Structure formats: C-alpha cells, structure tokens
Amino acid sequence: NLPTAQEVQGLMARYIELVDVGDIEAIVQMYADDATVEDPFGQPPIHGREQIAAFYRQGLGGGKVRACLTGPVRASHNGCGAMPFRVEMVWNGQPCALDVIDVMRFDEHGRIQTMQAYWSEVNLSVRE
C-alpha cells in the first residue's frame, strides 16, 4: 500500500506530533528497517534503524523540544511529501528556534524509506 496523497499528509503530520511529544520508539517505528536520513541535507546519511534511533535519542533525549507544522503538508501521488515546520529547543538553558523543511519518501508499507531535512545556520536562532 503506497500511501495516497491524503495518507502522506496524515503520516507526515503524525511524525511532527511524535517529535513534539518526544516518543523516540514510535518515531523509529515509522521508518523502514533500512531507511536513510540526511539531516541536515548535505551531511553524510545515516542508515538503518539502529543509527536512526541513536540520532533521535541524541537530538530529543536531552532538553525539551517542541515542533509544529507551519504550513500544510505538500503531497505527491508517488508516495512522497514535503512539509515546513519550526522546532524550538534549548542549548544550555537558552531557548533556540529553527525553521526546517523535510522531504520524505514512503514505501509500499507506509514506512519512511528516506528523509531529507533542509536547513542551515541561516534558519537558526540561538537567542530566542
């Protein structure tokens, strides 16, 4: 079952909700066993659930992180989608914010096969 455009919208919105609450195990389950993540895009990809779990545990395990969609999820008819969102975090007690756009490709099992996050320091604020 390759997700329809409508299903892609639901899956990606769910992902943001999982990041928002910080349920690492639930996030890792959304990925295919051999999925790849390029975050940020430009950096070498991480591969497989073990590396992806470590990635999320590192990024979300520490301080509290909040994430919210800032616009609708754009979905295609070939199981892919793109969405704009903002992440709010903390660095040594100081609030920070980042604007990101994630591009995802799902497989015929409704699992994320690949994820690419677009952002750089031009989208970051470490004093807000």
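The first residue of the sequence shown is number 1, and the count goes up from there.
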### Task
Would you mind comparing 29 to 37 and 83 to 91 for me and telling me which has the higher average C-alpha temperature factor in the entry?
83 to 91
### Summary
Quick note on 53 to 61 and 98 to 106: per-entry mean CA temperature factor is higher in 53 to 61
#### Entry: Relative C-alpha B-factor of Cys68, binned into the chain's lowest, middle or highest third
highest
### Message
Split into thirds by Cα B-factor across the chain's modelled residues, where does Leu124 land: lowest, middle or highest?
### Response
lowest
